[PDB]
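What follows is a single structure, written as structure tokens, with notes after it.
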Amino acid sequence: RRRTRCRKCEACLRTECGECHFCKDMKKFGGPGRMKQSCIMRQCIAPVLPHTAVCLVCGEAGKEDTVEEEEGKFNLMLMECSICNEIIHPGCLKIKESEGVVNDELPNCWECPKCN
Ligand SMILES: [Zn+2]
Ligand SMILES: [Zn+2]
Ligand SMILES: [Zn+2]
Ligand SMILES: [Zn+2]
């Protein structure tokens, strides 16, 4: 699934370099604006789900901030499966024979219980 830049990492915060083949193409640098790519120095390190992302079961967004207990917090996070690409709250899925495996390098990312 398509994701958006996090807007908080070194790459996202830094200004466009004005020198790479993509900056040179941008109108703001006097180019024709045909390639339409981002500056090569601004490739987000940890892209996040889009603001419209919701759980495929309950149709709600992340609610991890409303809960303080760690298990409950995790279960109200949106998690996207890296294998089947479903976005869900882990608490909206009950499976006996499997649990999911969280990926710590990307936000809201796991292999869900259906795929693991
Ligand atoms: Zn650039
Ligand atoms: Zn970023
Ligand atoms: Zn849900
Ligand atoms: Zn899955």
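Following the order of the structure tokens, first chain is A, next is B, and so on, with residues numbered from 1 inside each chain and ligands from 1 in the order they appear.
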
Test item: residues no farther than 7 Å from ligand 3, counting only C-alpha atoms and all ligand atoms, as a VMD selection string: chain A and resid 55 to 60 88 to 89 91 to 92

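The protein and nucleic acid residues lying at most 9 Å from region 27-42 of chain A are residues 10, 11, 12, 13, 14, 15, 16, 17, 18, 19, 20, 21, 22, 23, 24, 25, 44 and 45 of chain A, with only C-alpha atoms considered and sequence neighbours fewer than 2 positions away removed.
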
Spatial neighbours of residue 85 (chain A), max dist 7 Å, only C-alpha atoms, sep filter under 4 positions, as a VMD selection string: chain A and resid 1 80 to 81

Output N, CA and C atoms for every residue in the selection just made, as a tab-separated table (two decimals), in the first residue's frame.
```tsv
chain	number	residue	atom	x	y	z
A	1	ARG	N	0.84	-1.24	0.00
A	1	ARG	CA	0.00	0.00	0.00
A	1	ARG	C	0.86	1.27	0.00
A	80	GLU	N	-0.26	-2.65	9.26
A	80	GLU	CA	-0.34	-3.13	7.89
A	80	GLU	C	0.52	-4.38	7.74
A	81	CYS	N	-0.06	-5.45	7.20
A	81	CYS	CA	0.69	-6.65	6.94
A	81	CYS	C	1.59	-6.49	5.71
```

Selection near residue 102 (chain A), 8 Å with only C-alpha atoms, sequence-local residues under 6 positions removed, as an MDAnalysis selection string: chainID A and resid 109:111

Taking C-alpha atoms for each residue, export the selection above as a short mmCIF file (atom, residue, chain, number, x, y, z; two decimals), in the first residue's frame.
```
data_model
loop_
_atom_site.label_atom_id
_atom_site.label_comp_id
_atom_site.auth_asym_id
_atom_site.auth_seq_id
_atom_site.Cartn_x
_atom_site.Cartn_y
_atom_site.Cartn_z
CA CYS A 109 4.14 -2.75 10.06
CA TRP A 110 3.93 -6.48 10.81
CA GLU A 111 3.33 -9.91 9.41
#
```

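When only C-alpha atoms and all ligand atoms are used to measure the gap to ligand 2, the shortest distance among A:96, A:73, A:63, A:3 belongs to A:3.
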
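The shortest atom-to-atom distance to residue 115 (chain A), with only C-alpha atoms taken into account, belongs to A:100 out of A:100, A:26, A:50, A:71.
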
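Comparing A:83, A:114, A:76, A:68 by their smallest distance to residue 97 (chain A), the closest is A:114 (using only C-alpha atoms).
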
Residues near residue 106 (chain A), cut-off 9 Å, only C-alpha atoms, skip fewer than 5 positions along chain, as a ChimeraX atom specification: /A:45-48

Residues from last step as file, N, CA and C atoms, as a PDB file, in the first residue's frame:
```
ATOM      1  N   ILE A  45      12.893   8.096   5.551  1.00  0.00           N
ATOM      2  CA  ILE A  45      13.478   6.914   6.189  1.00  0.00           C
ATOM      3  C   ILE A  45      12.412   5.923   6.695  1.00  0.00           C
ATOM      4  N   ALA A  46      11.295   6.440   7.190  1.00  0.00           N
ATOM      5  CA  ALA A  46      10.237   5.590   7.792  1.00  0.00           C
ATOM      6  C   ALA A  46       8.830   6.128   7.457  1.00  0.00           C
ATOM      7  N   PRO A  47       8.354   5.836   6.227  1.00  0.00           N
ATOM      8  CA  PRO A  47       7.078   6.366   5.781  1.00  0.00           C
ATOM      9  C   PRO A  47       5.939   5.742   6.532  1.00  0.00           C
ATOM     10  N   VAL A  48       4.893   6.551   6.694  1.00  0.00           N
ATOM     11  CA  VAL A  48       3.751   6.268   7.547  1.00  0.00           C
ATOM     12  C   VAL A  48       2.509   6.052   6.718  1.00  0.00           C
TER      13      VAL A  48
END
```

Non-local contacts of residue 49 (chain A) (9 Å; only C-alpha atoms; under 3 positions in same chain excluded) as a PyMOL selection string: chain A and resi 1-6+52-53+78+80+107-108

Secondary structure check, strand (DSSP E or B) residues of chain A, as a list in words: residues 4, 48, 79, 80, 81, 87, 88, 101, 102, 109, 110 and 111 of chain A

Output the selection as a compact mmCIF listing (two decimals), in the first residue's frame - C-alpha atoms for each residue.
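Produced file result-v7.txt, reproduced below:
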```txt
# COMPACT_ATOMS: atom_id res chain seq x y z
CA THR A 4 3.37 9.10 2.92
CA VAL A 48 3.75 6.27 7.55
CA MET A 79 -0.92 -2.45 11.57
CA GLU A 80 -0.34 -3.13 7.89
CA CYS A 81 0.69 -6.65 6.94
CA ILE A 87 -4.52 -2.78 7.59
CA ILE A 88 -6.10 -3.77 10.94
CA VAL A 101 5.17 -10.46 14.16
CA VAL A 102 5.89 -6.74 14.47
CA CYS A 109 4.14 -2.75 10.06
CA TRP A 110 3.93 -6.48 10.81
CA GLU A 111 3.33 -9.91 9.41
```
